[PDB]
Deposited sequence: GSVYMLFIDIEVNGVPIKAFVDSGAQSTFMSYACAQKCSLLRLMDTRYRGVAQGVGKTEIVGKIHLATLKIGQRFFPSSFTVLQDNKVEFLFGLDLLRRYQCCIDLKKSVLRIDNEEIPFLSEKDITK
């Protein structure tokens, strides 16, 4: 998998999520916020905070809070906040993210 990515959807839009256990906080790029029509949901705090958005990871939907930044390092960084909030396993034997009992396979990058 070379670096760890997952397919997720935010507000219905397909997104490649970078799985980083070393990041305290989940971020989405401003450009990704623009692509997902989430700009209308923003804060006055770093571009702003999304207080709640719908994530579709596998077959299940998750309520999520994250920060929007101007940096396009990745479109979406799935950080330790969300990793632990949904009690995930980063399984590099099976190459999957196991969230609830469900396994989401690691990715489709260039």
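K.L.:
Wait, which stretches of the deposited chain are just not there in the structure?
P.N.:
No C-alpha coordinates exist for 1-2, 48-59, 122-124, 128.
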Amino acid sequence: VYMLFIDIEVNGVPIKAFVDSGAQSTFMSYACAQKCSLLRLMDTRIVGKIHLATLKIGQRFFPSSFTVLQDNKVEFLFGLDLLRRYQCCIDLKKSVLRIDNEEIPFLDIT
From here on, numbers count along this sequence of modelled residues.
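K.L.:
Tell me which stretch, 98-106 or 17-25, has the higher mean Cα B-factor listed in the entry.
P.N.:
Higher mean C-alpha B-factor: 98-106.
K.L.:
Consider only the C-alpha atoms of the modelled residues in this chain, order them by B-factor as the entry records it, and name the third containing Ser64: lowest, middle or highest.
P.N.:
CA B-factor rank for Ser64: lowest third.
K.L.:
Thinking about Cα B factors across the chain, which third does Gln34 belong to?
P.N.:
As the PDB entry reports it, the C-alpha B-factor of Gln34 lands in the lowest third of its chain.
K.L.:
In terms of the CA temperature factor given in the entry, to which third of its chain does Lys49 belong: lowest, middle or highest?
P.N.:
According to the entry, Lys49 has a C-alpha B-factor in the chain's lowest third.
K.L.:
What third of its chain, lowest, middle or highest, does the C-alpha temperature factor of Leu92 fall into?
P.N.:
Answer is lowest: the recorded C-alpha B-factor places it there.
K.L.:
Taking only the Cα B-factors deposited for this chain, tell me whether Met42 sits in the lowest, middle or highest third.
P.N.:
As the PDB entry reports it, the C-alpha B-factor of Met42 lands in the highest third of its chain.
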